[PDB]
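Each chain, written out:
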Amino acid sequence: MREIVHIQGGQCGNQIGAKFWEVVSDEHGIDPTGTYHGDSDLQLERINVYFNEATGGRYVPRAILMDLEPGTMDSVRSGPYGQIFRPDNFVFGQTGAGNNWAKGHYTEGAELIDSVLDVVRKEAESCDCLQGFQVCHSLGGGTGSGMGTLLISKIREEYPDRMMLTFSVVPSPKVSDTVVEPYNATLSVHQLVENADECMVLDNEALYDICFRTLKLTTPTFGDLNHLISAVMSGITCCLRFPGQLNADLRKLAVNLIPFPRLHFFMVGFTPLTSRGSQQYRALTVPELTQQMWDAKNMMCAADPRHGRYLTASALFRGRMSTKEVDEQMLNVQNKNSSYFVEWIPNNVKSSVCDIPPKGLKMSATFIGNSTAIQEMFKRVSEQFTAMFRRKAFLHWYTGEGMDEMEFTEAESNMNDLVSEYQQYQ
Amino acid sequence: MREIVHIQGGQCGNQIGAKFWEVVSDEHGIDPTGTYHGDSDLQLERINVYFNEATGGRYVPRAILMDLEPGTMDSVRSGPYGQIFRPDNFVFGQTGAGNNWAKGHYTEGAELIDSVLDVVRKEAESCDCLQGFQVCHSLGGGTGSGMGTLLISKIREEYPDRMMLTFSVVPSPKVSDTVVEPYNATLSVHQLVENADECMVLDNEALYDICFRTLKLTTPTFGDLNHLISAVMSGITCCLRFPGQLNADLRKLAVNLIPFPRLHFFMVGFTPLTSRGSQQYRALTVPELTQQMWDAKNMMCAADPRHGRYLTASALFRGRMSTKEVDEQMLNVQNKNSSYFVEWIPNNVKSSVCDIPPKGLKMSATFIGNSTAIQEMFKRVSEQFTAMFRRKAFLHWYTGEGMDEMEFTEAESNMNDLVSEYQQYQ
Amino acid sequence: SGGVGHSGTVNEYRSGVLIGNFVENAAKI
Amino acid sequence: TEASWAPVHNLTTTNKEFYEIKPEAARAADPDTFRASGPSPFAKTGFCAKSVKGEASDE
Amino acid sequence: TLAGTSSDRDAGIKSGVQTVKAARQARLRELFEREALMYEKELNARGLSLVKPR
Amino acid sequence: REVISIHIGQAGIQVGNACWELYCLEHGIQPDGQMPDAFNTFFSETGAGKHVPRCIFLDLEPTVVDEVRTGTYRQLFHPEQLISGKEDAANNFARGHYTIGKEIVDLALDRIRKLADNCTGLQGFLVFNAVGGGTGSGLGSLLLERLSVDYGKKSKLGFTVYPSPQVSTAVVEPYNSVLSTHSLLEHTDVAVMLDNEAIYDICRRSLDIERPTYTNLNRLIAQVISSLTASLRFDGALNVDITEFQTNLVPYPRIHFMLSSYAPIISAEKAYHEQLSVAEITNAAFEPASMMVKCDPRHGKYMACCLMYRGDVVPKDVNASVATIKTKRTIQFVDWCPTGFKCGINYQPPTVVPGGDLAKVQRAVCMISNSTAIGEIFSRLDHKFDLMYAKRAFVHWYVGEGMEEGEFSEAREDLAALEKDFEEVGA
Amino acid sequence: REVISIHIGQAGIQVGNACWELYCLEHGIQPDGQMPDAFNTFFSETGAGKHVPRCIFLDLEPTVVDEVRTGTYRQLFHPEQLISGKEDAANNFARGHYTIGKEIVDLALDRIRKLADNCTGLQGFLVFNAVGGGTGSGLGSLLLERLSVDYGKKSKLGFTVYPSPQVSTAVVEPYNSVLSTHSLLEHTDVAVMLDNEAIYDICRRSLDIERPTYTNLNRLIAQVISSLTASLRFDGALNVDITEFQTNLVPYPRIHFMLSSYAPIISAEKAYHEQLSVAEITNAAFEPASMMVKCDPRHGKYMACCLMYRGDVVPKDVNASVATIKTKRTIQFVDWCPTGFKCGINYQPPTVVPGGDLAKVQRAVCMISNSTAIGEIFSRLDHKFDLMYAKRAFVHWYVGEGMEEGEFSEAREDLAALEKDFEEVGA
Ligand SMILES: Nc1nc2c(ncn2[C@@H]2O[C@H](COP(=O)(O)OP(=O)(O)OP(=O)(O)O)[C@@H](O)[C@H]2O)c(=O)[nH]1
Ligand SMILES: Nc1nc2c(ncn2[C@@H]2O[C@H](COP(=O)(O)OP(=O)(O)OP(=O)(O)O)[C@@H](O)[C@H]2O)c(=O)[nH]1
Ligand SMILES: Nc1nc2c(ncn2[C@@H]2O[C@H](COP(=O)(O)OP(=O)(O)O)[C@@H](O)[C@H]2O)c(=O)[nH]1
Ligand SMILES: Nc1nc2c(ncn2[C@@H]2O[C@H](COP(=O)(O)OP(=O)(O)O)[C@@H](O)[C@H]2O)c(=O)[nH]1
Ligand SMILES: [Mg+2]
Ligand SMILES: [Mg+2]
């Protein structure tokens, strides 16, 4: 009934989305050949949110791949659950932007975005009642950030009455892939504060530290990080796909979590996370999940929540659980650490309970806290932007293509006033 | 079924046709003994065009070799495929003309032509549904040019309905064999413009240039040039001999290429032509064939077509291809070089496809172009004719034979009006 | 999809999926 | 090398190809879908036309 | 055939006599390699050795 | 009920060679002539366990005929039903119309007469010819004339292969095309155009075959013919016979020229992809990206359309879709005809030929519509005919064969007339 | 994604003669041209069972070229791409840029045109030359000019071999070097320096070859180039194509000069010696004892660095190692670029060459940086140029060819401008 259209942009978004469709298909019980093979009848009830039956029970995802190099496409088609996609929905350029935001937003966007807008239109009116859009991309890349951002702006121009989730990884100086990361991230943030409704900030550094401490893995490859984000995203939309004692729709989460139209940057966490050695030595109760949720070392951003206040936070529970135990736990955690929560908002913790855990596990949770500690990240990036812009480094590959100095000055102003308003509400 | 009767005149005609009947006998897989030794039954159903079963699979060609000295006859029967011609089809004089059009047109013809008309008639009513005649001869020599030309006149007076194709070598000043080549050329051409239905012009300068650049040969003997001309003659007759997607007989080519009854002097090309040291470089694509086909250095005439305008053109194709690529490529070469085609005719290109490539090859083509740059060639000859006639050198060996000076005046006028009308339609 | 025209359709699923008319699909002296 | 290398015949007309080699290969490759349905459930066989004059005699 | 034609020298294809001569040389080299590998062991059976190039 | 088909020219019997393959595969008839009453409209049952089609291939060159005689269907095609002349017509109307016509057309109509005598419930003829060539144009016109003077009242559905504007395989095809129309008007009752550039675009776009040939074109054209004879052949919920195209689509005795289209044109893997429903393929069959004739219905006005549906179709949603296409505005109708549609439904889903690129679809739509973009086509061909005729080019071939300038001027002014009619009606 | 590679000079085509050996050995191609899609960026598949490279060897003396035309790889390039002049330029920039260039460049660019036309997704160009010689400098610069006016927008990867400071084999190579930079500044996009004495010290110290020929040098240079293009040829965890160096490494329109390095450059017994992992090879990539240009990066400050990893590399430890590098204080960065790194990880390990000196390691690193030591190198060359030019030595050969003193003075002040640019950027 409610509908989510999934869009994937750039290499990072494509590989994350590939693992995401693997996890989702496993949850709804369809094998990679595209037929239904689940056992419980709770799986059929809400597959229209994500899939379309084509003919004879062949269920394909309502997803749109978007990039500029076939390398990501071949890596997507090679792995399992790769042939389920739409062979036509592989809207796809040929040149390759290459970490040039102007190339992703002014040069190649101008002749690829008409096509992706046409296919995202086809998938939009193919269903009746949209709920929102769900785009997975990065913020340092060129074909992910630039083209995805222009796509977001075109969509908000077309359908202004629908929700929007963007799962975007933010770069850290410790884990710094490309050199023009601030030149891309500052511009994308400048556009996302006016176009997107809310986004989920991610980074690879916090994932690496999680696989170090709590998972104790020796080989945390990219597939594992993508597997963590996919479990997070599945936990986000668990409430639409399965009935619960207290349902929380996407807009329901948004209105509870966004007290001001520009304060819509979230940090995310997932529970439980225990190594295969210690998974026998633990309990599975709501206090066990809660002590792991509100841990600072379990957030998937490079922002210590003990370094700021929480504006609001939500906890999405999965499994047959005691509701009195849930809300008394949230009340206890809010009364103990009374300083770390904001003062002019009572009951800063929204909670919800679904009656279906992830497959094989008994009880899980997902933490989405709109905290004010995210200003450290934007300050961490904006200072790099000022450092490069003081002396115009790398500037000409952007200027010689159509971009002006005014965009960079405007991006600086907006990033700075955003951090100013976060500091104001601290 | 549809029958081609071959006529070869003079030393050039004898040797060229010798290599020709070698290639055809190869393509239909008949041994130098006279028996079939191929495998596919696709070859047996279209040997009636060129051969006749005598006894026990003895397929002997339907050709008339004609000359005045048995020296060329022995050079015919010295090589392979010499014992397959019918000895009654070996007509030969005893004196020899030797670069005298008059001897070849009034004295020696007077007693040879009646015997060859017996032979040509007997071999013409031997077949049922004749398609036409195909003649390869010379213009510098006497016994080929004069004798063959007068025969062309006689058969065009007896059978005015059948087709008539002629391959005629014309002299070039740089490779200038004989001295009285203009005296013979003009008179022959003046007869060809009235009786020959259409003429595919050949020369030797273009061929030597081709063997220098394209084939990259050290010692290009006449055996090679005869082989190239033979490849051209096989490529033009391929339609009657093999099934295809779009068959195109000789009369189908004449009507698509002759807009005016006097504009029937083509220039011929052939593809593919590359060295053996570069045969693995090249792929077998229609564009690869076309870029060589429309090239200026690939014509078999000494006239650069980029000095004039193409009136019409045709392209015969052999081998399994895609007609879309064929037509699309012909459209591109017509659109890009738009100035080199005339304006008051749209779609100046005829195309045809036959499903059998020549033995040892995969995909071949043949080009036949009716351009207006042939008037450059005729002026190149007529001006030398005026240089001779202006003080009537060499004239008496013609005058004392029966010919008068008025024949030379008419040859001047007819060459002058013909180059006048080609210049008109330019 | 369509070049210079835009179609309006709704997708049809099997019997199990809860869609616009699942109750009526389930209905079937 | 020259002696060992064997030239090609290349004698397959397009009709023979497209109507004997390709369909037989497809039928051998996919025995699932290309099967003869035999009688069709929907046919316009009308026994009115057969009836207006029919009914073999027994005499 | 024994020798090449006029087109062979341009195409770079070697003549029959040339190719047979080269192939013969190389087969011979193989035989003498085997013989050297035998002689080395026969010498080290006594305690002497072949000299090896530098 | 029976319908016989005739094929003229080099194109005619190549389309026939693909079409009759489809029929044998649709009724499950082996290529050797016997199965291992729905067939009665095409194949007559001889003796005991044998079928022999109601068809005549004819051509003036024996090469493509005995290619059929030695192809797969040797035992299937009856020997007499393949007529073969001894020599070509060679891209020449008068050659194919006055010299060789007089010696082949009498034997052809003699054959077709005892085809019509062996038949009982003859619906009509349907012809397949090419107007660019010599045989299809010249004696195609001659045979259509003699069919009209012999039988006349019977329908003659004509599928004709016109020249594309830019893609062309000949030079004198304007002359042959023009002289063909002057008889194509008053001898064909219902004439459907079949260009080549449009189908090249189709096989390149949707079926994504990068290097197509004629056989691919023939196979999907044969698919169209089967989709509009399926009503006579197979049991349907709402049948539409040959007499209906006469009525519901030809509002004027000299306006019978239709745009044809087909959907869904789909590959083997894109079938797994797309959710094939009725409304979107009814939409797909209207965009110029899926028409068989290169023209633009944006700049024209529709007159009347007919829609055959094959397979799992209920009248509800097809009626809903045509209701949405009538309330759309991007395509527009003439004010002459407010109810500008006819539907027709047959239950049988289309079959799949082994080695073809079209997958097994549940439902298919064949739209045959009339418009005025054809009035644009004839002018586009008229202009480039006048350019050539202004210089008297190529004329001596026809005059020397026996004709004069009279049929040139009169056929040129005929197209001028038909131009005036189309612009008058389009108002 | 396809890229073509041209080789100019005595040095360039030998380096390429090692590169293509490496490529065929990596993709499993036998040198005779056939295998017993990843290759598609280098080898076009002509016909069947044959792969020809996308490259052109060109030189003025025929001796080294027909050494190739008679070597092992005769069947790889057949003889029409290998362009060869008649007489050498003989270490004379003017003779290579004006005398013989005017007759060879037209044929060269006419060949490169139909190479690019055979290509479809052209990424860029990459050239191979040494600036000390005559042919590699002169007509190389002329070729780069005509290619830049041909396409311009496409990236050009110039892998040049500069003269080592103390070990040198020519006399006028300062003249040829300076005249080469004057065009290499404003034409190429990314210019990688590779000196010879640094490689000599590498094979003396790590690989411990005490008598190294040119084969070993060209072998490991081919290893660096192969490690640069492995991201285009094979799939990895984090791919980086040719267009990235254009953005990530070049902060200014004129500062494009890159020091390369490689690790682990290890023989067959030191491999069993050493426990190989990611932290130490990330270390070994930065010590001057493993750089390909004899200069001291301790004296300079890095602008931007790139790290190509091949083989058994996960991303957590490369992130940990570069974290340790950035927190170490023995090396220093500029205050302009806080994100001073760019990693890249590919799955395939570097291969071995039978008869080579390198063992099959699990992983390897190609480091490509940008610093100010290069600004120090150019001053070292400028000084030894000015000394010889002070006495006007060897000038009469250039003027005798047809050049003058004006281009000498303006190239001198050009490098003076370059020196000022590097020293102001270092601040
Ligand atoms: N689409 C399609 N067109 C064809 C086919 N075969 C021939 N044609 C068309 O036929 C036109 C020329 O006429 P042909 O059929 O080749 O020959 P013809 O019509 O018999 O006339 P003649 O050659 O004089 O006998 C060309 O424009 C082709 O496009 C075919 O199989 N499919
Ligand atoms: N790395 C490497 N450098 C080489 C090699 N061969 C020559 N060089 C260098 O090339 C420089 C001189 O240029 P060359 O390539 O030898 O000759 P050239 O560039 O063709 O110029 P000309 O001699 O005039 O033809 C010398 O300083 C050598 O160090 C080689 O095989 N490997
Ligand atoms: N989690 C995760 N992140 C990735 C992956 N691949 C790339 N990234 C991130 O993407 C960032 C670079 O973006 P990039 O791939 O260049 O984007 P694009 O070039 O525009 O498609 C790096 O900081 C990586 O952290 C992956 O497989 N998983
Ligand atoms: N290419 C080619 N040209 C030939 C051959 N034989 C003769 N010619 C040309 O024919 C011209 C002279 O013809 P000629 O022998 O005098 O003709 P004839 O004496 O009347 O039979 C010369 O220019 C030759 O180049 C041949 O086998 N090949
Ligand atoms: Mg024909
Ligand atoms: Mg040199």
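Residues numbered from 1 in each chain as written, not as in the entry; some residues may be left out. Chains lettered and ligands numbered in written order. Part of a larger assembly, values for the part shown. Heavy atoms only, no water.

So, about the overall build of chain D. Of the regular secondary structure elements, chain D holds two helices and zero strands. In summary, chain D has a C-alpha radius of gyration of 25 Å against a globular reference of 10 Å for 59 residues, an excess of more than 25%. If you line up chain D on its principal axes, its C-alpha atoms span 80 × 30 × 20 Å. Put simply, chain D shows about 4,900 Å² of open surface, and 60% of that area lies on carbon and sulfur atoms. Taken as two groups, the 7 positive and 9 negative side-chain charges of chain D have centres that lie 7 Å from each other. (Helix = DSSP H or I, 4+ residues; strand = E, 2+ residues; numbered from the N terminus. Rg over C-alpha atoms; globule rule 2.2 N^0.38 Å. Areas by Shrake-Rupley, 256 points an atom, 1.4 Å probe, with all protein chains shown as cover. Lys, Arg positive; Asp, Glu negative; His and termini not counted. Charge placed at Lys NZ, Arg CZ, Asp CG, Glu CD.)

This part covers the interface of chain B and chain G. On the chain G side, the residues contacting the five residues of chain B number eight residues. Contact with chain G buries surface across chain B, with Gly277, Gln280 and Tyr281 of chain B losing the most and accounting together for 83% of the total. The shortest N-O distance in the salt bridge between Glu80 of chain G and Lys216 of chain B comes to 3.3 Å. One can count five residue pairs in polar contact joining chain B with chain G. Broken down by class, the residue content of the side of chain B that touches chain G amounts to one nonpolar, two polar and two charged. (Contact = heavy atoms within 4.5 Å. Buried area = accessible area lost by both parts, 1.4 Å probe. Salt bridge = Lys/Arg side-chain N within 4 Å of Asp/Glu carboxyl O. Polar contact = N/O pair within 3.5 Å; in protein donor to acceptor, adjacent residues only side chain to side chain. Nonpolar A, V, L, I, M, F, W, Y, C, P; charged D, E, K, R; others polar.)

Residue and element names in this part refer to chain B. In the vicinity of ligand 4 there are 15 residues, among which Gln11, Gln15, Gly142, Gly144 and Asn226 approach most closely. Between an oxygen atom of ligand 4 and a side-chain N or O atom of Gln15, the distance comes to 2.9 Å. In isolation ligand 4 has 580 Å² of accessible area, and contact with the protein removes 88% of it. Counting only elements with at least two residues in the shell around ligand 4, the list comes to α1 (10-27) and α7 (222-236). Among the elements that make up the shell around ligand 4, the one with the highest residue count is α1 (four residues). Classifying every residue of the shell around ligand 4 by side-chain character gives three nonpolar, eleven polar and one charged. (Near = heavy atom within 4 Å.)

Attention now goes to the pattern of salt bridges. Applying the stated criterion across every chain yields a total of 64 salt bridges over all chains. The salt bridge partner of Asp88 of chain F is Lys252 of chain B, with a shortest N-O separation of 3.7 Å. On the criterion of chain membership, the pair formed by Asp88 of chain F in the loop between β5 (82-84) and α3 (93-99) and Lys252 of chain B in helix α9 (residues 250-257) is interchain, its members lying in two chains. Per residue, the accessibility class of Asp88 of chain F equals that of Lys252 of chain B, and both read buried. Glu21 of chain F is paired through a salt bridge with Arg219 of chain F; the nearest N and O atoms lie 2.7 Å apart. Of the residues examined, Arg219 of chain F reaches a relative accessible area of 13% and is grouped as buried. (Buried < 20%, exposed > 50% of the residue type's maximum accessible area, 1.4 Å probe, protein only.)

Attention now goes to the site of ligand 3. Residues and elements named next belong to chain A. Around ligand 3, the surrounding shell holds 14 residues, and the nearest of these are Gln11, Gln15, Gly142, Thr143 and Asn204. One nitrogen or oxygen atom from the side chain of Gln15 is found 2.8 Å from an oxygen atom belonging to ligand 3. In the model, an oxygen atom of ligand 3 is placed 2.8 Å from a nitrogen or oxygen of the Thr143 main chain. Protein contact buries 90% of the 570 Å² of open area that ligand 3 shows by itself. Those elements that place two or more of their residues in the shell around ligand 3 are α1 (10-28) and α8 (222-236). Looking at the shell around ligand 3, the element that brings in the most residues is α1, giving four residues.

All names here are of chain G. Within the open sheet, the ten strands sit side by side as β5-β4-β1-β6-β7-β8-β9-β12-β10-β11. Their pairing is mixed. The sheet is open, and its two edges are formed by β5 (83-84) and β11 (343-346), each paired on a single side. Inspection of the sheet shows strand β8 (residues 190-193) paired to strand β9 (residues 258-263) by two bridges, in the parallel sense. From the neighbouring strand, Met193 faces β9, where its bridge partner is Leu259. The strands that helix α5 (residues 138-150) touches are β1 (2-8), β4 (55-59), β6 (122-130) and β7 (155-161); relative to β1, the one it contacts most, it runs at about 150°. (Pairing = 2+ DSSP bridges. Axes fitted to C-alpha atoms, helices over the stretch in contact; angles between N-to-C directions.)

Of note, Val201 of chain B is situated in strand β8 (residues 198-202). What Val201 of chain B contacts, discounting residues up to four positions off in sequence, is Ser168, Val170, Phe265, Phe266, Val268, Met300, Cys301, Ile374 and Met377 of chain B.

All names here are of chain F. Sites flagged by UniProt as "binding site: GTP" map to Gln10, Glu61, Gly134, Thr135, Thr169, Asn196 and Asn218. Within the element layout of this structure, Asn196 appears in the loop between β8 (190-193) and α7 (197-205). Once residues within four sequence positions are removed from consideration, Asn196 is found in contact with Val161 and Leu217. One can find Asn218 in helix α8 (residues 214-233). (UniProt positions renumbered as here; feature names shortened; annotations may be inferred.)

To continue, consider the interface of chain F and chain B. Each side of the interface is counted separately: chain F has 38 residues, and chain B has 35 residues. Interface area lost by chain F to chain B is led by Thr169, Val171 and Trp397 of chain F, which between them contribute 15%. Remark: the boundary between chain F and chain B carries ten residue pairs in polar contact. A per-class count over the side of chain F that touches chain B returns 15 nonpolar, ten polar and 13 charged.

The next thing to look at is the UniProt feature "active site" in chain F. When the UniProt feature table is mapped onto this chain, "active site" is found at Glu244 of chain F. Structurally, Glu244 of chain F can be placed in helix α9 (residues 242-248).

Our focus in this paragraph is the sheet that holds strand β6 (residues 129-138) of chain B. Two orientations exist for strands paired in a sheet by backbone hydrogen bonds: parallel and antiparallel. All names here are of chain B. Strand order in the open sheet formed by ten strands is β5-β4-β1-β6-β7-β8-β9-β12-β10-β11, with mixed pairing between adjacent strands. Only two strands of the sheet have a single neighbouring strand rather than two, namely β5 (90-92) and β11 (349-354). For this sheet, the mean angle separating the axes of adjacent strands, direction not counted, is 20°. The pairing of strand β7 (residues 163-169) with β8 spans five bridges and is classified as parallel. Paired with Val169 across the strands is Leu202, a residue of β8.

Let us now look at the arrangement of the chains. For the ten pairs of chains in contact, the maximum contact count is reached by chains B and F. For chain A and chain D, which are not in contact, the least C-alpha distance works out to 14 Å.

Here we come to the packing of helix α5 (residues 181-195) of chain B against helix α14 (residues 405-424) of chain B. Residues and elements named next belong to chain B. In contact at an axis separation of 9 Å, α5 and α14 are set at 65° when each is read in the N-to-C sense. Classed by the angle they form, the pair α5 and α14 counts as roughly perpendicular. Seen along the crossing, α5 lies across α14 with a hand that is left-handed. On α14, the residues touching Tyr183, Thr186, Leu187, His190 and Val193 of α5 are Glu407, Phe408, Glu410, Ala411, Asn414, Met415 and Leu418. Of the residues assigned to the contact of α5 with α14, the class counts are seven nonpolar, three polar and two charged. (Parallel < 35°, antiparallel > 145°, perpendicular 65-115°, else oblique. Left-handed = near helix turned anticlockwise from the far one by under 90°.)

A few words on helix α10 (residues 250-257) of chain A. All of the buried residues along α10 of chain A are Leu250, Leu253, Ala254 and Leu257 of chain A. All buried residues of α10 of chain A fall inside an arc of 100° around its axis, so they share one side. (Arc of directions from axis to C-beta.)

Following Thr271 of chain A, the chain continues into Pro272 of chain A via a peptide bond in cis, with omega recorded as -5°. If you trace the backbone, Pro272 of chain A turns up in the loop between β8 (265-271) and α11 (286-293). Here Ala263 of chain F and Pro264 of chain F are connected by a cis peptide whose omega angle stands at 0°. One can find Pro264 of chain F in the loop between β9 (257-263) and α10 (269-273). A positive phi angle, close to 70°, is found at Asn99 of chain B, a residue other than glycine. On the secondary structure map, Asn99 of chain B appears in the loop between β5 and α3 (101-125). Given the relative accessible area of 33%, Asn99 of chain B is considered partly exposed.

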